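Quick heads-up: it's one chain on its own, the form deposited in one PDB entry, in structure tokens.
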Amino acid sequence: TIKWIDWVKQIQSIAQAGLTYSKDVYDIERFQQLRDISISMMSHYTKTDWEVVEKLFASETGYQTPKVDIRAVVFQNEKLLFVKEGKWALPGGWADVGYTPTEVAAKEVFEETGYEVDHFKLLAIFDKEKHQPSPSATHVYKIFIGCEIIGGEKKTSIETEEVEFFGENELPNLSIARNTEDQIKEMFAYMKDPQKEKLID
């Protein structure tokens, strides 16, 4: 059983909430001890240095929420834009503090593919843990944002495939952690019927 990961994540979350919102000096101390217990548990059961765990798992301030991943959905002539890491994914990544969702989509498409995009559409919000589960210290929500190409040009790569458009019947090897087969299928379903229901987990 690896149910304990969930438990320890819960304890850290509640301790972090207490550290953020408690106004009682003694209860703040109690929440600090609880956070430290959660780090100790995580450190022992992942055989990871305590200070490394503190940094990666228990150094956020404010209430602990899921993290935000952005994926840009860019179509051209019924084909969808993917970028190769050797597995493939839609342009995107973590939402950077200080950027709006569309600003992240724009930046990532430009940086990863060379294209300039605009005319944003909210397409889906998927729960990463529901769709592409993996033992994880965190929780991620994935915002899928449709974009129109208005400028730039596709990056080229010598002797390799790195940035390409793919049709629904010729999908490359997917990075499932970043996009599942059915998440991609849903984007093609949107392309075929743009007025359809926009999915939320």
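Numbering starts at 1 and follows the sequence shown. Definition used throughout: the rigid core is the maximal C-alpha set that superposes within 1.5 Å between two forms.
Inset, instruction - Might you work out how many residues are unmodelled in the deposited sequence between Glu85 and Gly86, and answer none, 1 to 3, 4 to 9, or 10 or more? - result: Missing in between: 1 to 3 residues.
Legend entry - 146 to 154 or 65 to 73, whichever carries the higher mean Cα B-factor: The stretch with the larger average C-alpha B-factor is 146 to 154.
Inset, instruction - Look over 91 to 99 and 123 to 131 in the entry and identify the one with the greater average Cα temperature factor. - result: Taking the mean B-factor of the alpha carbons in each, 91 to 99 is higher.
Inset, instruction - Just say lowest, middle or highest third for the CA B-factor of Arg35 relative to the other modelled residues in its chain. - result: Answer is middle: the recorded C-alpha B-factor places it there.
Legend entry - Assigned third (lowest, middle, highest) for the C-alpha B factor of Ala137: It belongs to the middle third of the chain when residues are ordered by C-alpha B-factor.
Inset, instruction - Using the B-factors in the PDB entry, rank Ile5's C-alpha atom against the chain and give the third, lowest, middle or highest. - result: Ranked within chain, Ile5 CA B lands in the highest tercile.
Another form exists, deposited in another entry; not displayed. Remarks below refer to it.
Legend entry - Sole member of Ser59, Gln33, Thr156, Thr138 with a C-alpha shift of at least 2 Å between the shown form and the other one (core-superposed): Single hit from the list, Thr156.
Legend entry - Direction of Cα pair change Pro66-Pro133 in the other form, magnitude 3 angstroms or more: Their C-alpha distance grows by at least 3 Å in the other form.
Inset, instruction - Answer with closer or farther for the CA-CA spacing of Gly92 and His131 in the other form compared to the shown form; it moves by 3 Å or more. - result: Between the C-alphas of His131 and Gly92, the gap widens in the other form (3 Å or more compared with this form).
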